[PDB]
């Protein structure tokens, strides 16, 4: 369509990499909110062909390649070495704004599944504040569904299409490596995981009716996708989810078949140094983990699943563009 720019709310004094990159490439955020409503102005969206997603993907790649410089980067035959200094790392919201002569349409149907027509469409200058959170399996620190859970997918009958489950009630996940230096663990509440997976199962049954829904651990692939992986305070966490995606949904009953304990599920995690880059096909070797207790307290605001007589779903991810899509679904650049 055109070239979108970014307005952040970053502070220049901050040594945090997100703030630095933003203040160099993002303009200041406009204080007054310019929004233009419309009642019957029907319009069509396709989150899966959105170009905003591609632009933000480019900018996030530029961020990570300017901020989390690896000790070594293996791309094909090349091996590039740089300084890999540890750095303060905490995502900051970024808004994507339409330049002059261009608008951003925003679908206001609280149940829009990302494909097709929208009843209530507004006109804005900037998207809401989006946090470029890189993760797999679980979507972290996102915005929730205002009404009920939504199931987004390009083709719900194509096993290959990644399913984005968009929740309406966040679920607390706490991950920590306290004072093996790469051993860490995560805790989630078994009761709230109950409710979340049971309601996701109800919706998934709305879409797949006869068959009984099943949640199973990640089939196979690189460690970065067979586990819930993410960056926390700087370090790369890889966490096991087999005690998380592990239940069955039959006649409105979701029985969780994962190993809980005292009411909380813990996940075993390793802090790996050889990362399989999401930006491009290559590897990145980073410096050994710092000291202190590294801990992140995150919200599970979404899921990435992949289907395969009953229907079974597994944690997926890896195309970091799906993360951006999960937030830019309700937007479209126009004019």
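Positions refer to the first chain, counted from 1. What we label the rigid core is the largest C-alpha set whose atoms superpose within 1.5 Å from one form to the other.
- In terms of root mean square C-alpha deviation after superposing on the rigid core in 8 other deposited structures of this protein, the stretch standing farther out between 258-266 and 101-109 is 258-266.
- Unmodelled residues of the deposited sequence between neighbouring positions residue 308 and residue 309 number 4 to 9.
- In the deposited entry, the stretch joining residue 179 to residue 180 is interrupted by 4 to 9 residues of the deposited sequence lacking coordinates.
- When the C-alpha B-factors of 210-218 and 88-96 are averaged, 210-218 comes out higher.
- Judged by mean Cα B factor in the deposited record, 185-193 ranks above the other of 76-84 and 185-193.
- Of the candidates 280, 51, 58, 30, it is 30 whose Cα B-factor is highest according to the PDB record.
- Comparing C-alpha B-factors across 37, 63, 300, 304 in the deposited entry, the largest value falls on 37.
- Ranked by C-alpha B-factor against the other modelled residues of its chain, residue 235 falls in the lowest third.
- In the PDB entry, a CA B factor belonging to the lowest third of its chain's modelled residues is recorded for residue 132.
- Split the chain's modelled residues into thirds by C-alpha temperature factor. Residue 199 is in the highest one.
- Annotation for residue 243: C-alpha temperature factor in the middle third relative to the rest of the modelled chain, per the entry.
- In the deposited entry, the Cα temperature factor of residue 294 sits in the middle third of values across the chain's modelled residues.
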